[PDB]
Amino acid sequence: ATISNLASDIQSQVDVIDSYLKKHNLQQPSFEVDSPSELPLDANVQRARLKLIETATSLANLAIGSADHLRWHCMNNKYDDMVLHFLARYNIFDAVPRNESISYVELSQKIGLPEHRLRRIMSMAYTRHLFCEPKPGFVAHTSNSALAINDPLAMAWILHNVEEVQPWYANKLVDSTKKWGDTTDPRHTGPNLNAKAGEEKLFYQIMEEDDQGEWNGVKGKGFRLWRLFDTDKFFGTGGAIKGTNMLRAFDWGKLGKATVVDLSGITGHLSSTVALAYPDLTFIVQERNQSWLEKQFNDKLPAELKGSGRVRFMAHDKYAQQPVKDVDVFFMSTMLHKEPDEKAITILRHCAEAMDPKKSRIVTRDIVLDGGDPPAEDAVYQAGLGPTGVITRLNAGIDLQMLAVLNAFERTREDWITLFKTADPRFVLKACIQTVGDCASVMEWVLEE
């Protein structure tokens, strides 16, 4: 890489994107409040986007240079997260009006954060194009910050990372590695470094048991788990992993009238997206129960689905035998990646024992670390992959989140195939489709004699 060749590559990638936007009369992205929040899903546009992010980031890295690389990174980067911590806990997104500016004096008063400290936090926020200072003394939104107005799912994602993942797990991972080595046991995690025998706490136990707090309509026991469920929904409502991508990566219409057991769990928000598009499907969403789960699940269903039975909650232990009969599809999105091989095999064997091989299939959605195949219309590394690819990087972030919190791990295509064949040697991978811009693939599995 040289600064000149990176600049030339940037111009080529920009020209692909800009030409497509102009040809199709599409809005140009900006940092204004009402900028589009994404670029078109056209595969060639998304390839250019993924390459542009990588090449622009590489050029900034090269221009910073090696002398300022660690000097600046270890100074600044952790404060981007601390700034978000303040913005979420003081509800600054909602306190700044969407379409107007607000003085620091008025903003400070609205949120109860002394103005001199507010000013020092906002100064750092602006450097990530998160809010802006349109005139001296005043604060306004940007594209990036306005999209989080009135969005508890986005606030959940900030706070889960800054108040739980980073302090309890990531910042203890070196010590956990030294204490237990490289294991897949979710007890071998930061909260347990000094735990007395038999008193180890699992992440999911802390999530479901802590009662000292409230989040987004759940007060007391399990508020942190409810907030975690909100983070899962955040990844479905928009952005790279949005749930509507599944409609492009798998043909739900080919199932006709069919029963889907959705072992993705959580609140069934992906089942709801598919159900709205395909009224002949019934989704039975299976998840470990919590006192508030059935009520919250039902309250969050799209209005059109409430009371219809098309998407319904069924409390279930995913490690136990399957009670639903005549299931056409076992569906599980971003669920098996939390399961080391033996636990994943238990789940998959309970599904297989409940499958009619001639009629049933398993549809999974997970990272394939090497890459899924693009959708047929869209057919050294694919854009976004390779050592500096932005999808390589997102996959690594998710993989390290699985490591830090659970000792779980992401898998390659061959890893998935081997896992399923160990569960039942009759499993065949029929399709592994990843839309350009997304890190997950939708995989279709059948039992063949």
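Each residue number is its position in the shown sequence, starting from 1.
According to the record, 10 or more deposited residues between residue 379 and residue 380 are left without atomic coordinates. Two stretches are in play, 381-389 and 402-410, and the higher mean C-alpha B-factor belongs to 381-389. Higher average CA B factor: 321-329, of the stretches 228-236 and 321-329.
In this structure the maximum Cα B-factor among 73, 160, 254, 89 is found at 254. Of the candidates 155, 139, 351, 147, it is 351 whose Cα B-factor is highest according to the PDB record.
Annotation for residue 188: CA B-factor lies in the lowest third of the chain's modelled residues. Ranked by C-alpha B-factor against the other modelled residues of its chain, residue 248 falls in the highest third. Per the deposited record, the Cα B-factor of residue 213 falls in the highest third when ranked against the other modelled residues of its chain. The deposited CA B-factor of residue 424 belongs to the highest third of values across its chain. Per the PDB record, residue ranking by Cα B-factor puts residue 52 in the lowest third of the chain.
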